[PDB]
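Undergrad: Attaching a single structure in structure tokens format; questions to follow.
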Amino acid sequence: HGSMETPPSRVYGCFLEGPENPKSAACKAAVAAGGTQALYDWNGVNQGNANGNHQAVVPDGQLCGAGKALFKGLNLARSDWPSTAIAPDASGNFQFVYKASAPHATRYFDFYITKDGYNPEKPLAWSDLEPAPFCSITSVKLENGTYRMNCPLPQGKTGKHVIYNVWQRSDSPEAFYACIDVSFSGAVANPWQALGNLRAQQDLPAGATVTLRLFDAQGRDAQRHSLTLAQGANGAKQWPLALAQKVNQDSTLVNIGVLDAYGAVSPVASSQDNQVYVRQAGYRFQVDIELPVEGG
Ligand SMILES: [N+]
Ligand SMILES: [N+]
Ligand SMILES: [N+]
């Protein structure tokens, strides 16, 4: 039993946050979806009778949850799942650190990687992953409750990806699954660039709708994201964050919030401090406001 800690699997992550008080939107939406109980049984994302035929026992659309109704909340298709940014060493490899709360005999440690062009918003299916694993570990030694394996990192990848780790025990027929959300650096520097400030002059009436349009370098419609503000989200120090959360969730092309040293953009409960970032130049954005229809 266990999962990856370096990098953190999607389940280890949500849990290091604090199941009883999630911090990231994805994790909040995960506990609201499948309960807090799954986040504690974080070691049992498994299939007792895989026998090496994971493709026949893990249903499409529930890979992150091994089709276990308990972990239903892990299969959410979102663009904001917290993710580790990874890169190779001087030789192109990556040292994975798997945490085994119960060291059992090992058959293999297979690493799958989403195809080029993976779309976070489509629930992870087997065919969204590349056909054969990019790294196959066949013997390990324990070291302070973790299995450490050097792996050749796939080259040419770019953007947010999911590494799918399968651990097939040798002593029994069961295996464990780990959706690791990673993020690759392209062949060209892709630093988040700020475009404007998602500023709020005064509060908006409850039920009004707030729309953010994004235009590319050629003034073409790039993306659109709308959000009707329920009571309590219409505050001036509230709605800019409410919109910045709907944006980050549905999109990886534009992110609204605060940039940190690592390179991540997380919003804030601020009236002015929320910023609109895009990984290309010359982009522009507009904020439109539909007011609640009046009349009988
Ligand atoms: N077990
Ligand atoms: N691919
Ligand atoms: N959504």
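In the structure tokens, each chain is lettered A, B, ... as it comes, each chain's residues begin at 1, and ligands are numbered from 1 in order of appearance.
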Find the spatial neighbours of residue 294 (chain A), counting only C-alpha atoms, within a cut-off of 12 Å - ignore same-chain residues fewer than 2 positions away - and output them as a ChimeraX atom specification.

TA: /A:207-208,290-292,296

Undergrad: Grab the residues selected above and save them as an mmCIF file, in the first residue's frame with N, CA and C atoms.

TA:
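Output file selection.cif follows:
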```cif
data_model
loop_
_atom_site.group_PDB
_atom_site.id
_atom_site.type_symbol
_atom_site.label_atom_id
_atom_site.label_comp_id
_atom_site.auth_asym_id
_atom_site.auth_seq_id
_atom_site.Cartn_x
_atom_site.Cartn_y
_atom_site.Cartn_z
ATOM 1 N N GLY A 207 -26.674 37.469 -8.619
ATOM 2 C CA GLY A 207 -27.343 37.022 -9.820
ATOM 3 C C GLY A 207 -26.841 37.648 -11.100
ATOM 4 N N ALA A 208 -26.095 38.745 -11.018
ATOM 5 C CA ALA A 208 -25.427 39.273 -12.196
ATOM 6 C C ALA A 208 -24.385 38.276 -12.686
ATOM 7 N N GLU A 290 -23.122 41.077 -17.382
ATOM 8 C CA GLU A 290 -24.564 41.004 -17.589
ATOM 9 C C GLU A 290 -25.272 41.197 -16.254
ATOM 10 N N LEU A 291 -26.160 42.187 -16.192
ATOM 11 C CA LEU A 291 -26.950 42.502 -15.012
ATOM 12 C C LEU A 291 -28.274 41.744 -15.033
ATOM 13 N N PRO A 292 -28.804 41.411 -13.858
ATOM 14 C CA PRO A 292 -30.061 40.649 -13.797
ATOM 15 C C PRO A 292 -31.192 41.368 -14.518
ATOM 16 N N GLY A 296 -41.374 42.573 -15.561
ATOM 17 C CA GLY A 296 -42.324 41.536 -15.199
ATOM 18 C C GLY A 296 -42.897 40.797 -16.392
#
```

Undergrad: Would you kindly return, as a PyMOL selection string, each protein, DNA or RNA residue with an atom no farther than 12 Å from any atom of residue 177 (chain A), considering only C-alpha atoms and excluding same-chain residues fewer than 4 positions away?

TA: chain A and resi 1-4+9-11+42-48+50+54-55+57-58+62-68+71+74+98+109-112+163-169

Undergrad: Export N, CA and C atoms of the chosen residues as a compact mmCIF listing (two decimals), in the first residue's frame?

TA:
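What landed in again_13.txt:
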```txt
# COMPACT_ATOMS: atom_id res chain seq x y z
N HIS A 1 0.83 -1.20 0.00
CA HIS A 1 0.00 0.00 0.00
C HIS A 1 0.87 1.25 0.00
N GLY A 2 0.41 2.29 -0.68
CA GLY A 2 1.13 3.56 -0.69
C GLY A 2 0.76 4.38 -1.91
N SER A 3 1.72 5.20 -2.34
CA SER A 3 1.61 6.01 -3.56
C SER A 3 2.93 6.75 -3.74
N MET A 4 2.99 7.60 -4.76
CA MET A 4 4.16 8.44 -5.00
C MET A 4 4.12 9.68 -4.12
N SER A 9 1.48 12.08 -5.85
CA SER A 9 0.30 11.69 -6.61
C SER A 9 -0.81 12.71 -6.35
N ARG A 10 -1.87 12.62 -7.15
CA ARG A 10 -2.98 13.55 -6.97
C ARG A 10 -3.65 13.35 -5.61
N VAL A 11 -3.60 12.13 -5.07
CA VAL A 11 -4.26 11.83 -3.80
C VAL A 11 -3.37 12.24 -2.62
N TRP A 42 -5.88 6.90 1.65
CA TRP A 42 -5.09 7.32 0.50
C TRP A 42 -4.12 6.26 0.01
N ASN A 43 -3.94 5.18 0.76
CA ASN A 43 -3.03 4.11 0.36
C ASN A 43 -3.72 3.04 -0.48
N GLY A 44 -5.05 3.01 -0.50
CA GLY A 44 -5.78 1.93 -1.14
C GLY A 44 -6.46 2.27 -2.45
N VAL A 45 -5.73 2.91 -3.35
CA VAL A 45 -6.19 3.13 -4.72
C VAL A 45 -5.63 1.96 -5.53
N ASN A 46 -6.37 0.86 -5.54
CA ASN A 46 -5.84 -0.41 -6.01
C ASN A 46 -6.94 -1.19 -6.72
N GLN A 47 -6.56 -2.35 -7.26
CA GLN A 47 -7.52 -3.32 -7.77
C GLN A 47 -7.01 -4.71 -7.38
N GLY A 48 -7.70 -5.33 -6.42
CA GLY A 48 -7.21 -6.56 -5.81
C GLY A 48 -6.92 -7.69 -6.78
N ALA A 50 -6.04 -7.54 -10.49
CA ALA A 50 -5.63 -7.07 -11.80
C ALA A 50 -4.86 -8.13 -12.58
N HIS A 54 -4.51 -4.46 -16.14
CA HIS A 54 -5.13 -3.22 -15.70
C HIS A 54 -6.16 -2.70 -16.68
N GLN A 55 -5.90 -2.84 -17.98
CA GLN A 55 -6.81 -2.32 -18.99
C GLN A 55 -8.18 -2.98 -18.94
N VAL A 57 -9.67 -4.09 -15.95
CA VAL A 57 -10.31 -3.92 -14.66
C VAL A 57 -10.49 -2.45 -14.28
N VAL A 58 -9.64 -1.55 -14.76
CA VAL A 58 -9.81 -0.12 -14.54
C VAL A 58 -10.69 0.42 -15.66
N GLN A 62 -12.27 6.54 -15.07
CA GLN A 62 -12.01 6.43 -13.64
C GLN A 62 -10.62 5.86 -13.39
N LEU A 63 -9.64 6.26 -14.20
CA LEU A 63 -8.29 5.75 -14.01
C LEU A 63 -7.70 6.24 -12.69
N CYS A 64 -7.85 7.53 -12.38
CA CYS A 64 -7.31 8.06 -11.14
C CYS A 64 -7.94 7.42 -9.91
N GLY A 65 -9.09 6.78 -10.06
CA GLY A 65 -9.77 6.17 -8.93
C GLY A 65 -9.93 4.67 -9.03
N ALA A 66 -9.20 4.05 -9.96
CA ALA A 66 -9.25 2.60 -10.17
C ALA A 66 -10.69 2.10 -10.23
N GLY A 67 -11.62 2.97 -10.63
CA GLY A 67 -13.02 2.60 -10.70
C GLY A 67 -13.66 2.35 -9.35
N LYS A 68 -12.97 2.69 -8.27
CA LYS A 68 -13.50 2.49 -6.92
C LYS A 68 -14.43 3.65 -6.58
N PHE A 71 -13.22 6.45 -4.32
CA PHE A 71 -12.34 7.49 -4.84
C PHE A 71 -12.95 8.24 -6.02
N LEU A 74 -11.62 11.55 -7.35
CA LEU A 74 -10.32 11.75 -7.98
C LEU A 74 -10.41 11.86 -9.49
N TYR A 98 8.61 6.69 -4.25
CA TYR A 98 7.34 6.07 -3.92
C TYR A 98 7.31 5.72 -2.44
N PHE A 109 7.07 -1.61 -11.67
CA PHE A 109 6.62 -0.24 -11.46
C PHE A 109 6.57 0.39 -12.85
N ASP A 110 5.37 0.46 -13.43
CA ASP A 110 5.20 0.94 -14.80
C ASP A 110 4.70 2.38 -14.78
N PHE A 111 5.31 3.23 -15.61
CA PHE A 111 4.96 4.64 -15.68
C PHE A 111 4.36 4.96 -17.04
N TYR A 112 3.10 5.37 -17.04
CA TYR A 112 2.43 5.83 -18.24
C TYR A 112 2.37 7.35 -18.25
N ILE A 163 1.08 11.64 -15.23
CA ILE A 163 1.82 10.38 -15.25
C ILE A 163 1.01 9.35 -14.49
N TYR A 164 0.74 8.21 -15.13
CA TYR A 164 -0.05 7.15 -14.53
C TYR A 164 0.91 6.03 -14.11
N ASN A 165 1.07 5.85 -12.80
CA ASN A 165 1.96 4.84 -12.25
C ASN A 165 1.16 3.63 -11.81
N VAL A 166 1.57 2.46 -12.29
CA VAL A 166 0.99 1.18 -11.88
C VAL A 166 2.05 0.40 -11.13
N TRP A 167 1.70 -0.08 -9.94
CA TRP A 167 2.56 -0.95 -9.14
C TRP A 167 1.89 -2.31 -9.05
N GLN A 168 2.46 -3.30 -9.73
CA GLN A 168 1.95 -4.66 -9.72
C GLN A 168 2.78 -5.47 -8.73
N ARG A 169 2.16 -5.91 -7.64
CA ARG A 169 2.86 -6.76 -6.70
C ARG A 169 3.16 -8.11 -7.34
```

Undergrad: Step by step, measure atom-to-atom distances between ligand 3 and each residue using only C-alpha atoms and all ligand atoms, keep those at most 9 Å, then write them as a list in words.

TA: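 Going residue by residue within 9 Å of ligand 3, we get residues 77, 78, 121, 246, 249 and 250 of chain A.
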
Undergrad: Residues at most 7 Å from region 196-202 of chain A, counting only C-alpha atoms, excluding those fewer than 4 positions away in the same chain, as a list in words?

TA: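 The contact residues come out as residues 236, 240, 271, 272, 273, 274, 275 and 276 of chain A.
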
Undergrad: Please, could you write that set of residues out with N, CA and C atoms as an mmCIF file, in the first residue's frame?

TA:
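Here's the written file result-v5.cif:
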```
data_model
loop_
_atom_site.group_PDB
_atom_site.id
_atom_site.type_symbol
_atom_site.label_atom_id
_atom_site.label_comp_id
_atom_site.auth_asym_id
_atom_site.auth_seq_id
_atom_site.Cartn_x
_atom_site.Cartn_y
_atom_site.Cartn_z
ATOM 1 N N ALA A 236 -17.163 42.755 -3.824
ATOM 2 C CA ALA A 236 -16.101 43.359 -4.621
ATOM 3 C C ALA A 236 -14.758 42.690 -4.368
ATOM 4 N N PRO A 240 -14.038 39.011 -8.239
ATOM 5 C CA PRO A 240 -12.797 38.790 -9.003
ATOM 6 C C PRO A 240 -12.136 37.459 -8.692
ATOM 7 N N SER A 271 -9.509 42.564 -4.007
ATOM 8 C CA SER A 271 -10.284 43.413 -4.903
ATOM 9 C C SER A 271 -9.482 43.786 -6.143
ATOM 10 N N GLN A 272 -8.172 43.987 -5.993
ATOM 11 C CA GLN A 272 -7.319 44.423 -7.090
ATOM 12 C C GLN A 272 -6.153 43.491 -7.388
ATOM 13 N N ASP A 273 -5.691 42.704 -6.414
ATOM 14 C CA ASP A 273 -4.428 41.981 -6.547
ATOM 15 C C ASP A 273 -4.499 40.777 -7.482
ATOM 16 N N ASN A 274 -5.666 40.431 -8.019
ATOM 17 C CA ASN A 274 -5.763 39.300 -8.931
ATOM 18 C C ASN A 274 -5.345 39.720 -10.336
ATOM 19 N N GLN A 275 -4.475 38.924 -10.957
ATOM 20 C CA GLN A 275 -3.882 39.264 -12.242
ATOM 21 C C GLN A 275 -4.187 38.196 -13.285
ATOM 22 N N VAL A 276 -4.187 38.617 -14.545
ATOM 23 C CA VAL A 276 -4.527 37.768 -15.682
ATOM 24 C C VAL A 276 -3.238 37.475 -16.441
#
```

Undergrad: Using DSSP assignments from the backbone, pull out every residue in region 137-235 of chain A that falls under strand (DSSP E or B) and give it to me as a PyMOL selection string.

TA: chain A and resi 137+142+146-152+159-169+175-184+193-197+209-215+221-228

Undergrad: Show me a table, sorted first by chain and then by increasing residue number, of the residues of chain A having an atom at most 7 Å from ligand 2, each with its shortest atom pair and the distance in Å to one decimal, counting only C-alpha atoms and all ligand atoms and written as a tab-separated table.

TA:
```
residue	atom	partner	partner_atom_place_in_ligand_line	distance
A:115	CA	ligand 2	1 (N)	4.4
A:116	CA	ligand 2	1 (N)	4.5
A:130	CA	ligand 2	1 (N)	6.4
```

Undergrad: For the residues in that selection, give me C-alpha atoms as a PDB file, in the first residue's frame.

TA:
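Heads up, here's the output in again21.pdb:
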```
ATOM      1  CA  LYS A 115      -0.382  11.708 -25.032  1.00  0.00           C
ATOM      2  CA  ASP A 116       0.841  14.951 -26.558  1.00  0.00           C
ATOM      3  CA  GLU A 130       0.475   6.712 -24.643  1.00  0.00           C
TER       4      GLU A 130
END
```

Undergrad: Excluding same-chain residues fewer than 6 positions from residue 278 (chain A), what lies within 8 Å of it counting only C-alpha atoms, as a list in words?

TA: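 My list of contacting residues is residues 192, 193, 194, 195, 253, 254 and 255 of chain A.
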
Undergrad: Output N, CA, C and O atoms for every residue in that selection, as a compact mmCIF listing (two decimals), in the first residue's frame.

TA:
```txt
# COMPACT_ATOMS: atom_id res chain seq x y z
N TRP A 192 4.88 32.77 -17.48
CA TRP A 192 3.62 33.49 -17.37
C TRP A 192 3.86 34.98 -17.54
O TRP A 192 4.71 35.56 -16.87
N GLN A 193 3.11 35.59 -18.45
CA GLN A 193 3.16 37.03 -18.65
C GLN A 193 1.85 37.65 -18.20
O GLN A 193 0.77 37.15 -18.52
N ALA A 194 1.95 38.75 -17.45
CA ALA A 194 0.76 39.45 -16.98
C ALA A 194 0.21 40.35 -18.07
O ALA A 194 0.96 40.96 -18.84
N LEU A 195 -1.12 40.42 -18.15
CA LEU A 195 -1.81 41.28 -19.10
C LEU A 195 -2.53 42.44 -18.44
O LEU A 195 -2.40 43.58 -18.89
N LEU A 253 -4.93 27.98 -20.80
CA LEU A 253 -4.37 29.01 -21.67
C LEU A 253 -4.23 30.34 -20.93
O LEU A 253 -3.28 31.08 -21.18
N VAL A 254 -5.16 30.63 -20.03
CA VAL A 254 -5.12 31.85 -19.23
C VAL A 254 -5.36 31.48 -17.77
O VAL A 254 -6.16 30.59 -17.47
N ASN A 255 -4.65 32.16 -16.87
CA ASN A 255 -4.78 31.95 -15.44
C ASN A 255 -4.89 33.30 -14.75
O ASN A 255 -4.21 34.25 -15.14
```

Undergrad: Contacts of residue 61 (chain A) at 7 Å or less, counting only C-alpha atoms, minus same-chain residues fewer than 6 places along, as a compact mmCIF listing (two decimals) with N, CA, C and O atoms, in the first residue's frame?

TA:
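See selection_23.txt below for the written result:
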```txt
# COMPACT_ATOMS: atom_id res chain seq x y z
N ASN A 75 -11.50 11.37 -10.09
CA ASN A 75 -11.66 11.32 -11.54
C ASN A 75 -12.14 12.64 -12.13
O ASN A 75 -12.39 12.70 -13.34
N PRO A 123 -12.20 13.39 -19.05
CA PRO A 123 -11.79 12.43 -18.01
C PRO A 123 -10.78 11.42 -18.54
O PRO A 123 -10.91 10.92 -19.66
N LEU A 124 -9.77 11.14 -17.73
CA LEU A 124 -8.65 10.33 -18.18
C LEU A 124 -9.12 8.94 -18.59
O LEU A 124 -9.67 8.19 -17.77
N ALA A 125 -8.92 8.61 -19.86
CA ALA A 125 -9.17 7.28 -20.39
C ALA A 125 -7.85 6.64 -20.79
O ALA A 125 -6.83 7.32 -20.98
```

Undergrad: Report as a PDB file with N, CA and C atoms, in the first residue's frame all protein, DNA and RNA residues lying within 12 Å of residue 151 (chain A), evaluated on only C-alpha atoms, omitting residues in the same chain fewer than 5 positions from it.

TA:
```pdb
ATOM      1  N   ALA A  87      11.595  18.208 -14.449  1.00  0.00           N
ATOM      2  CA  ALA A  87      12.576  18.338 -15.516  1.00  0.00           C
ATOM      3  C   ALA A  87      13.677  17.316 -15.276  1.00  0.00           C
ATOM      4  N   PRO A  88      14.390  16.909 -16.322  1.00  0.00           N
ATOM      5  CA  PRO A  88      15.432  15.892 -16.161  1.00  0.00           C
ATOM      6  C   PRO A  88      16.695  16.471 -15.537  1.00  0.00           C
ATOM      7  N   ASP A  89      17.593  15.569 -15.152  1.00  0.00           N
ATOM      8  CA  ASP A  89      18.878  15.962 -14.594  1.00  0.00           C
ATOM      9  C   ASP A  89      19.892  16.088 -15.733  1.00  0.00           C
ATOM     10  N   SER A  91      21.483  13.967 -17.136  1.00  0.00           N
ATOM     11  CA  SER A  91      21.426  12.816 -18.026  1.00  0.00           C
ATOM     12  C   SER A  91      20.032  12.541 -18.573  1.00  0.00           C
ATOM     13  N   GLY A  92      19.037  13.354 -18.226  1.00  0.00           N
ATOM     14  CA  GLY A  92      17.700  13.204 -18.763  1.00  0.00           C
ATOM     15  C   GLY A  92      16.764  12.335 -17.957  1.00  0.00           C
ATOM     16  N   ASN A  93      17.155  11.924 -16.755  1.00  0.00           N
ATOM     17  CA  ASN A  93      16.357  11.023 -15.938  1.00  0.00           C
ATOM     18  C   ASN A  93      15.663  11.782 -14.812  1.00  0.00           C
ATOM     19  N   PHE A  94      14.745  11.088 -14.143  1.00  0.00           N
ATOM     20  CA  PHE A  94      14.013  11.641 -13.012  1.00  0.00           C
ATOM     21  C   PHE A  94      13.935  10.578 -11.930  1.00  0.00           C
ATOM     22  N   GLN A  95      14.222  10.965 -10.691  1.00  0.00           N
ATOM     23  CA  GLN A  95      14.245  10.030  -9.566  1.00  0.00           C
ATOM     24  C   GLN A  95      12.891  10.072  -8.869  1.00  0.00           C
ATOM     25  N   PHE A  96      12.079   9.046  -9.106  1.00  0.00           N
ATOM     26  CA  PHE A  96      10.769   8.960  -8.481  1.00  0.00           C
ATOM     27  C   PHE A  96      10.908   8.388  -7.078  1.00  0.00           C
ATOM     28  N   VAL A  97      10.092   8.889  -6.157  1.00  0.00           N
ATOM     29  CA  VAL A  97      10.156   8.498  -4.751  1.00  0.00           C
ATOM     30  C   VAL A  97       8.768   8.006  -4.360  1.00  0.00           C
ATOM     31  N   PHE A 109       7.071  -1.612 -11.667  1.00  0.00           N
ATOM     32  CA  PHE A 109       6.623  -0.236 -11.464  1.00  0.00           C
ATOM     33  C   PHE A 109       6.567   0.389 -12.853  1.00  0.00           C
ATOM     34  N   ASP A 110       5.374   0.462 -13.434  1.00  0.00           N
ATOM     35  CA  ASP A 110       5.195   0.944 -14.798  1.00  0.00           C
ATOM     36  C   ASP A 110       4.699   2.382 -14.780  1.00  0.00           C
ATOM     37  N   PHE A 111       5.306   3.226 -15.610  1.00  0.00           N
ATOM     38  CA  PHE A 111       4.964   4.641 -15.678  1.00  0.00           C
ATOM     39  C   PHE A 111       4.365   4.959 -17.039  1.00  0.00           C
ATOM     40  N   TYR A 112       3.104   5.372 -17.041  1.00  0.00           N
ATOM     41  CA  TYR A 112       2.426   5.827 -18.242  1.00  0.00           C
ATOM     42  C   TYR A 112       2.372   7.349 -18.254  1.00  0.00           C
ATOM     43  N   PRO A 133       4.395   1.957 -21.543  1.00  0.00           N
ATOM     44  CA  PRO A 133       4.969   2.808 -20.498  1.00  0.00           C
ATOM     45  C   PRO A 133       6.341   3.335 -20.885  1.00  0.00           C
ATOM     46  N   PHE A 134       6.658   4.525 -20.376  1.00  0.00           N
ATOM     47  CA  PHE A 134       7.919   5.192 -20.672  1.00  0.00           C
ATOM     48  C   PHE A 134       9.033   4.805 -19.708  1.00  0.00           C
ATOM     49  N   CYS A 135       8.729   4.007 -18.686  1.00  0.00           N
ATOM     50  CA  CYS A 135       9.723   3.562 -17.717  1.00  0.00           C
ATOM     51  C   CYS A 135       9.173   2.334 -17.007  1.00  0.00           C
ATOM     52  N   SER A 136       9.987   1.286 -16.907  1.00  0.00           N
ATOM     53  CA  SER A 136       9.569   0.026 -16.297  1.00  0.00           C
ATOM     54  C   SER A 136      10.630  -0.408 -15.296  1.00  0.00           C
ATOM     55  N   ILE A 137      10.314  -0.289 -14.008  1.00  0.00           N
ATOM     56  CA  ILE A 137      11.216  -0.679 -12.930  1.00  0.00           C
ATOM     57  C   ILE A 137      10.865  -2.095 -12.501  1.00  0.00           C
ATOM     58  N   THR A 138      11.880  -2.956 -12.405  1.00  0.00           N
ATOM     59  CA  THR A 138      11.661  -4.375 -12.179  1.00  0.00           C
ATOM     60  C   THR A 138      12.319  -4.922 -10.919  1.00  0.00           C
ATOM     61  N   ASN A 165       1.065   5.851 -12.802  1.00  0.00           N
ATOM     62  CA  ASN A 165       1.958   4.842 -12.253  1.00  0.00           C
ATOM     63  C   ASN A 165       1.157   3.626 -11.812  1.00  0.00           C
TER      64      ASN A 165
END
```

Undergrad: Just to confirm, what's the straight-line distance from CA of residue 244 (chain A) to CA of residue 268 (chain A) in Å (one decimal)?

TA: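 Spanning CA of residue 244 (chain A) to CA of residue 268 (chain A) is a straight-line distance of 8.7 Å.
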
Undergrad: Report the residues of region 87-286 of chain A whose backbone DSSP state falls under helix (DSSP H, G or I), written as a list in words.

TA: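 Matching residues for helix (DSSP H, G or I) in region 87-286 of chain A are residues 126, 127, 128, 239, 240, 241, 242, 243, 244, 245, 246, 247, 248, 249 and 250 of chain A.
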
Undergrad: For the residues selected in the previous step, produce a file with C-alpha atoms as an mmCIF file, in the first residue's frame.

TA:
```
data_model
loop_
_atom_site.group_PDB
_atom_site.id
_atom_site.type_symbol
_atom_site.label_atom_id
_atom_site.label_comp_id
_atom_site.auth_asym_id
_atom_site.auth_seq_id
_atom_site.Cartn_x
_atom_site.Cartn_y
_atom_site.Cartn_z
ATOM 1 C CA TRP A 126 -6.630 4.603 -21.226
ATOM 2 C CA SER A 127 -6.381 5.880 -24.810
ATOM 3 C CA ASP A 128 -5.535 9.371 -23.515
ATOM 4 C CA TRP A 239 -16.247 38.202 -7.417
ATOM 5 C CA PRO A 240 -12.797 38.790 -9.003
ATOM 6 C CA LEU A 241 -11.710 35.668 -7.118
ATOM 7 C CA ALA A 242 -14.926 33.844 -8.018
ATOM 8 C CA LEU A 243 -14.211 34.471 -11.705
ATOM 9 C CA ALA A 244 -10.491 33.705 -11.362
ATOM 10 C CA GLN A 245 -11.489 30.311 -9.938
ATOM 11 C CA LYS A 246 -13.886 29.465 -12.769
ATOM 12 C CA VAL A 247 -11.203 30.512 -15.276
ATOM 13 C CA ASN A 248 -8.335 28.475 -13.825
ATOM 14 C CA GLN A 249 -10.633 25.459 -13.502
ATOM 15 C CA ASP A 250 -11.751 25.376 -17.152
#
```

Undergrad: Write out as a list in words each polymer residue whose atoms come within 9 Å of region 32-41 of chain A, counting only C-alpha atoms; drop sequence neighbours fewer than 2 positions from it.

TA: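 The filter keeps residues 11, 12, 14, 15, 19, 20, 27, 28, 29, 30, 43, 44, 45, 69, 70, 71, 72, 73, 74 and 76 of chain A.
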
Undergrad: Please write the residues from the selection above to a file, keeping N, CA and C atoms, as a CSV table (one decimal), in the first residue's frame.

TA:
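New file result.csv:
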```csv
chain,number,residue,atom,x,y,z
A,11,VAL,N,-3.6,12.1,-5.1
A,11,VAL,CA,-4.3,11.8,-3.8
A,11,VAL,C,-3.4,12.2,-2.6
A,12,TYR,N,-2.1,11.9,-2.7
A,12,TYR,CA,-1.2,12.4,-1.6
A,12,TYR,C,-1.2,13.9,-1.5
A,14,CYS,N,-3.7,16.4,-2.4
A,14,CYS,CA,-4.9,16.8,-1.7
A,14,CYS,C,-4.8,16.5,-0.2
A,15,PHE,N,-4.1,15.5,0.2
A,15,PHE,CA,-4.1,15.1,1.6
A,15,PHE,C,-3.1,15.9,2.4
A,19,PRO,N,-7.1,17.2,4.5
A,19,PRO,CA,-8.5,16.8,4.1
A,19,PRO,C,-9.6,17.5,4.9
A,20,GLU,N,-9.3,17.7,6.2
A,20,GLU,CA,-10.4,18.4,7.0
A,20,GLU,C,-10.5,19.9,6.6
A,27,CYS,N,-8.9,20.1,-4.8
A,27,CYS,CA,-9.1,19.2,-3.6
A,27,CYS,C,-10.4,19.5,-2.9
A,28,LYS,N,-10.8,20.8,-2.7
A,28,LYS,CA,-12.1,21.1,-2.2
A,28,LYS,C,-13.2,20.4,-3.0
A,29,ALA,N,-13.1,20.6,-4.3
A,29,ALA,CA,-14.1,19.9,-5.2
A,29,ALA,C,-14.0,18.4,-5.1
A,30,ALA,N,-12.9,17.9,-4.7
A,30,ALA,CA,-12.7,16.4,-4.6
A,30,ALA,C,-13.4,15.9,-3.3
A,43,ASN,N,-3.9,5.2,0.8
A,43,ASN,CA,-3.0,4.1,0.4
A,43,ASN,C,-3.7,3.0,-0.5
A,44,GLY,N,-5.1,3.0,-0.5
A,44,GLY,CA,-5.8,1.9,-1.1
A,44,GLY,C,-6.5,2.3,-2.4
A,45,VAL,N,-5.7,2.9,-3.4
A,45,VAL,CA,-6.2,3.1,-4.7
A,45,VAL,C,-5.6,2.0,-5.5
A,69,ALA,N,-15.7,3.3,-6.3
A,69,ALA,CA,-16.7,4.4,-6.0
A,69,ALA,C,-16.2,5.3,-4.9
A,70,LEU,N,-15.4,4.7,-4.0
A,70,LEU,CA,-14.9,5.5,-2.9
A,70,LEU,C,-14.1,6.7,-3.3
A,71,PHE,N,-13.2,6.5,-4.3
A,71,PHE,CA,-12.3,7.5,-4.8
A,71,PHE,C,-13.0,8.2,-6.0
A,72,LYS,N,-14.3,8.2,-6.2
A,72,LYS,CA,-14.9,8.8,-7.3
A,72,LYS,C,-14.4,10.3,-7.5
A,73,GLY,N,-14.2,10.9,-6.4
A,73,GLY,CA,-13.7,12.3,-6.4
A,73,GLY,C,-12.4,12.6,-7.1
A,74,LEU,N,-11.6,11.6,-7.4
A,74,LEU,CA,-10.3,11.7,-8.0
A,74,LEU,C,-10.4,11.9,-9.5
A,76,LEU,N,-12.3,13.7,-11.3
A,76,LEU,CA,-12.7,15.0,-11.8
A,76,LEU,C,-11.8,15.5,-12.9
```

Undergrad: Would you mind telling me which residue in A:83, A:270, A:185, A:101 lies nearest to ligand 1 when using only C-alpha atoms and all ligand atoms?

TA: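 Result for the nearest residue to ligand 1: A:101.
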
Undergrad: Find, counting only C-alpha atoms and all ligand atoms, the residue in A:159, A:152, A:103, A:82 that gets nearest to ligand 1.

TA: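 Among the listed residues, A:103 lies closest to ligand 1.
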